[PDB]
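Heads up, the chain below is alone and in the form deposited in one PDB entry; it's given as structure tokens.
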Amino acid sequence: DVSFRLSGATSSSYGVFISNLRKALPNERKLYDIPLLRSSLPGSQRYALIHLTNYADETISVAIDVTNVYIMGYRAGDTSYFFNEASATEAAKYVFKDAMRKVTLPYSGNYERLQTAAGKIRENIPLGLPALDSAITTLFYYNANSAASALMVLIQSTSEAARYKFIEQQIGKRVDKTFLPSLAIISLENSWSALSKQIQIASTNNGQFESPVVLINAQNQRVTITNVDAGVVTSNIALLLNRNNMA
């Protein structure tokens, strides 16, 4: 398992947390020095627990699928909560088995559903370590109507930070304040699957993408990425989704 404690947290200890999270994920290949995640794992190998404790020392345990870094669900005390999606109901066979209450949330973990549920777009939801503390409290004392927003903070602070060094750094920086994510952060989140696919193709195609990926940069300009010498590939993306999880 991996653990993060918010009381006494710093930029450093968040980075340590995100390094350990990445290290928890199995990979057989690296392409261009980036971990390629596995295609398929048996159930007893597929999930990892991360334990998160907020400033008030309230803890939740979050189950992630190690093949795609998706959050399956979380446990707060004696109740477990799973997303309403097939991989999450598969996971519920293996994780949090001793939990007395299990609730299935009214939505999957995909952003279009979550934003609809939250009634807020990603750009308008604060991130930063204090936002993560607040998300843990909101899920700990589960309130259906705050949950969606909190799960979006949770996913971006764990999954998305693990996938990209830029997102890890932007979040870790904000120790005692919060910030609204730019479109650069959102475009990376949107494009993880496509980038992963093209980087796998590139390795068979002399480092050239078969199809460009349009990202938005730190200056908000739409940029078209076509090969593995682009900075997003060289210096940012930290994990690759296996083409077999692209369909």
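Residues that one form lacks are left out of the comparison. Note that residue numbering begins at 1 and tracks the sequence as displayed. Think of the rigid core as the biggest set of C-alphas that the two forms share within 1.5 Å after superposition.
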Quiz item: Do the C-alpha atoms of 27-35 or of 208-216 have the higher average B factor in the entry?
Solution: 27-35
Quiz item: Taking the recorded C-alpha temperature factors, which stretch has the higher mean, 126-134 or 169-177?
Solution: 169-177
Quiz item: Which listed residue, 158, 115, 80, 143, has the largest C-alpha temperature factor in the record?
Solution: 143
Quiz item: C-alpha B factor of residue 186, ranked within the chain: lowest, middle or highest third?
Solution: lowest
Exercise. Give the position of residue 10 by CA B-factor within its chain, expressed as the lowest, middle or highest third.
Key: lowest
Practice problem: Taking the chain's C-alpha temperature factors as the reference, tell me which third residue 94 falls into: lowest, middle or highest. | Solution: highest
Quiz item: Lowest, middle or highest third: where is residue 197 by Cα B-factor in its chain?
Solution: highest
Self-check item: Ranked against its chain, the third holding the CA B-factor of residue 109
Solution: middle
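Form solved in complex with a partner chain: not shown, discussed below.
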Quiz item: Taking heavy atoms only, is residue 45 within 4.5 angstroms of the partner chain in the entry with it bound?
Solution: no
Quiz prompt | Contact of residue 216 with the partner chain in the entry with it bound (heavy atom, 4.5 Å) | solution = yes
Quiz item: Though only this chain appears here, would residue 115 touch the partner chain in the entry with it bound if you measure heavy atom gaps against 4.5 Å?
Solution: no
Quiz prompt | is_contact(residue 15, the partner chain) in the entry with it bound, heavy atom dist at most 4.5 Å | solution = no
Self-check item: Heavy atom distance at most 4.5 Å to the partner chain in the entry with it bound, all of 173, 184 and 188
Solution: yes
Quiz item: Out of 49-57, 36-44, 197-205, 216-224, where are the residues with a heavy atom within 4.5 Å of the partner chain in the entry with it bound?
Solution: 216-224
Exercise. Scan 137, 110, 104, 169 and let me know which has any heavy atom within 4.5 Å of the partner chain in the entry with it bound.
Key: 169
Exercise. Find the only residue in 21, 239, 230, 9 having a heavy atom within 4.5 Å of the partner chain in the entry with it bound.
Key: 230
Quiz item: When the two are fit on their core, where are the runs of 3+ residues whose C-alphas each shift at least 2 angstroms between the shown form and the other one?
Solution: 245-247
